[PDB]
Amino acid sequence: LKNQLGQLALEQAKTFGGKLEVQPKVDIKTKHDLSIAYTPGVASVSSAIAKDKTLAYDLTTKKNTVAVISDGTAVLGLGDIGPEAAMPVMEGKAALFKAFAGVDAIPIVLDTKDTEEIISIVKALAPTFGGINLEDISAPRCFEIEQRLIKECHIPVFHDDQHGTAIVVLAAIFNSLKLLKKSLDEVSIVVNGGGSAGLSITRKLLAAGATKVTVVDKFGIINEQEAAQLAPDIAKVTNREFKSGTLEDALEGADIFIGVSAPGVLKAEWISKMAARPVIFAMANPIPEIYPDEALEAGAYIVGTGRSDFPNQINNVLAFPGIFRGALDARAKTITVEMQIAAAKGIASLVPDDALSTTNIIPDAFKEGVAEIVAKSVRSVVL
């Protein structure tokens, strides 16, 4: 007709010079106020902490502030555009942290693509924050940085662009299970993705209950009795325990649903051969594994993607706010796997009467619930 974008509110950046601001929540207009918030008195706040470093959580902003960190190598659906160009997205991300949950998030972009010094930069920042949210950093550097950070840090580190949608996909099935009348131990789950992402989802699924999961990569089914699969040996042991040695196509065969990661790899015809009420989660960016409508006429009962135009969008938003709010509230030295499933159930709890509506919208509770579950899911005291 005569299209543009509309969302050309680029003037919204120009006008306010960014989208975040730092406000003191303490009195500071007078000499009396400054003798309390700074110079004289403040010396004793430092002192208490110097004797008991745990006090950092009660007397500093480490209590409620998380850092959103990126190197601008994987910003959104663009590309390695650099740290400055990434800032709009990291501070946008931080504005959500505050709006949906009560989390104070500082956006931070560093210009270094050297894995070694990135994990070393953040480790040095760790003292400052109560939580680290790695964002938009490209793979495979995005997997080693997180693991070395999770292991070496005293505060929770969460790479959102990975476990994020995973947690929402996990919640999307809990609700999918319900309207099918099946359990998670009766479901035949096929995961397309040998990468670390597909593997994580898989670990999560087994931890969530799932009895039978078959993993598939670019060369076929991961079968344990076919020592013809990469040194990533372990998933073989706990998935595909019937040992079907075939292909993706040969996997839909009576499968209750597929979780994916590769572009258009799922051709409609197959759907026909899937189980009775076939669920489908084509999470592949831009070009999904199969467009929702294009997969409904095939015979699918449920379809979800990461696209706003189709129904059932699996979006990060329903997860990162609550998880850190819950983690911060508990002063968790790290985010566990059970904590992530906890988040998935909470998210799940927000859907009363489902159908074509299995993932909750953005209501009032929706971060509180999630944070509620994350805390209490810690029902495993080492004492």
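Counting begins at 1, following the sequence as shown.
- According to the entry, the stretch of the deposited sequence that connects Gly209 to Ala210 contains no residue lacking coordinates, so the chain runs unbroken between them.
- As the entry records it, the average C-alpha temperature factor is higher for 149 to 157, out of 149 to 157 and 84 to 92.
- 116 to 124 and 262 to 270 differ in mean CA B-factor, and the higher of the two is recorded for 262 to 270.
- Highest C-alpha temperature factor among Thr214, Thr73, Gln229, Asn133 per the entry: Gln229.
- Each of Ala250, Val103, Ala171, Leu205 has a CA temperature factor in the record; the biggest one is found at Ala250.
- Ranked by C-alpha B-factor against the other modelled residues of its chain, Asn312 falls in the middle third.
- Ranked within its chain, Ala375 lands in the highest third, by CA B factor from the PDB record.
- In this PDB entry, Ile137 carries a Cα temperature factor that places it within the middle third of its chain's modelled residues.
- When the modelled residues of the chain are ordered by C-alpha B-factor, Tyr291 sits in the highest third.
- When the modelled residues of the chain are ordered by their C-alpha B factor, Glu21 lands in the lowest third.
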